[PDB]
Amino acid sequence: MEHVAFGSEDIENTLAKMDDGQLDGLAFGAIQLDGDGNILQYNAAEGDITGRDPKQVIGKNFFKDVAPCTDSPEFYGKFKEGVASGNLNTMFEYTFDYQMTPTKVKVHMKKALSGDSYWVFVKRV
């Protein structure tokens, strides 16, 4: 696979500029968002967790379109606050339940190293 653990302290360095192929080798779901929440990258593990087809969701807005169950203070609010501050590093459990069997996950959102983009990492719990 790719040898990176969920929640690693330097994950943003390890995944910096990772192409879509390499991202598909992670053991956990990985989504890269711009500051508005548009999907830039979406890996295979995430698609397995959620059922979404990665290439279909890239370019969509995660909060508006793909994941309305995350359009809440508890998820989007945290994301939006992090984007506004230009800093984000949070881990929390959540349940994904839009047009899918409800699935509890652990989420790690972390600002990407460079630029202004934001990772959403997901694993099952």
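Residue numbers here begin at 1 and follow the sequence given.
As recorded in the PDB entry, 34-42 is the stretch of 93-101 and 34-42 with the greater mean C-alpha temperature factor. As recorded in the PDB entry, 80-88 is the stretch of 80-88 and 67-75 with the greater mean C-alpha temperature factor. In the PDB entry, a CA B factor belonging to the lowest third of its chain's modelled residues is recorded for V107. For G29, the recorded CA temperature factor ranks within the lowest third of the chain's modelled residues.
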